[PDB]
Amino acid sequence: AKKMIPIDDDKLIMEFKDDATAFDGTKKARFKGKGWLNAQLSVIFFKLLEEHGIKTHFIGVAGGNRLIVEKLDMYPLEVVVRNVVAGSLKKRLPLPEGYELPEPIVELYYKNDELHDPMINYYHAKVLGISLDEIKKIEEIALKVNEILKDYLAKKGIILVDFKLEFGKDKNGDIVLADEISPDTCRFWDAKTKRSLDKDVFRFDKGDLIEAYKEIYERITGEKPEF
């Protein structure tokens, strides 16, 4: 759903596509305007985080669906933060869908398609060459990011249920937030109705995807989207 176009040693173009994929590509569709929506939401979120002192890969915009981002040496991780029980957490804790967690939960996943992104702990992370000190910094940033996004969205009647982040190292060795932040990579629920406003609408045919993504955008910006 993204194309990464290299510019040079320190920069690249992240291009968002209208393609939607789920269940290892066994389920596919195209949603006109999805890419535009995901790119724009990523811009909103990254700038918001930058305002709070979070270091992100975001440099600028190069078109409706194209972002310019700094090239990073990526950690082979998906860093998942969870505020409300949903998806795979139901397989892990004896709690129902929708349960509000007393504190946010951080899960680490080894980014590996062949092993289907298995969950790992700090010991596994060391074997994969990630020091405990780096892990602690990563989780700390992820939790800060969580609070900013959660609070921002909560004021707009949107529950940040959970989300995945990715991180990399820049030239100076600092840990930098990367990839995307969109309804493709977050679970967003309406505060009142608890309906999904994210990729789960596609994954489980719970409704109209472009409709859901437009809803997020309009609530955040105060404006209907024009792709």
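Here the rigid core means the biggest group of C-alpha atoms that line up within 1.5 Å when the two forms are laid on top of each other. Numbering starts at 1 and follows the sequence shown.
**Q** Taking C-alpha RMS after core alignment, which stretch differs more from the shown form in 9 other deposited structures of this protein: 18-26, or 206-214?
**A** Of 18-26 and 206-214, the stretch deviating more in 9 other deposited structures of this protein is 18-26.
**Q** For the C-alpha atoms alone, is the average B factor greater in 181-189 or in 26-34, going by the entry?
**A** Mean B over CA atoms: larger for 26-34.
**Q** Looking at the deposited entry, does 102-110 or 89-97 carry the larger mean Cα B-factor?
**A** For C-alpha atoms only, the mean B-factor is higher in 89-97.
**Q** Compare the CA B factors listed in the entry for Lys171, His57, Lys199, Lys47 and report the winner.
**A** Checking the PDB record, the top C-alpha B-factor among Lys171, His57, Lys199, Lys47 is at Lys171.
**Q** Using only the C-alpha B-factors in the record, can you name which of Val176, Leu165, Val61, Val161 has the highest?
**A** Of the candidates given, the C-alpha B-factor peaks at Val61.
**Q** According to the PDB entry, is the CA B factor of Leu132 in the bottom, middle or top third of its chain, that is, lowest, middle or highest?
**A** Tercile = middle for this residue's CA B-factor.
**Q** Comparing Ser42 with the other modelled residues of its chain, is its CA B-factor in the lowest, middle or highest third?
**A** As the PDB entry reports it, the C-alpha B-factor of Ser42 lands in the lowest third of its chain.
**Q** Sorting the chain's modelled residues by C-alpha B-factor, tell me whether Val81 ends up in the lowest, middle or highest third.
**A** It belongs to the lowest third of the chain when residues are ordered by C-alpha B-factor.
**Q** Test of reading the entry: by CA B factor among the chain's modelled residues, which third contains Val145?
**A** Its C-alpha B-factor, which the entry lists for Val145, ranks in the lowest third among residues of this chain.
**Q** Compared with the other modelled residues in the chain, in which third is the CA B-factor of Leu115?
**A** Ranked within chain, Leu115 CA B lands in the highest tercile.
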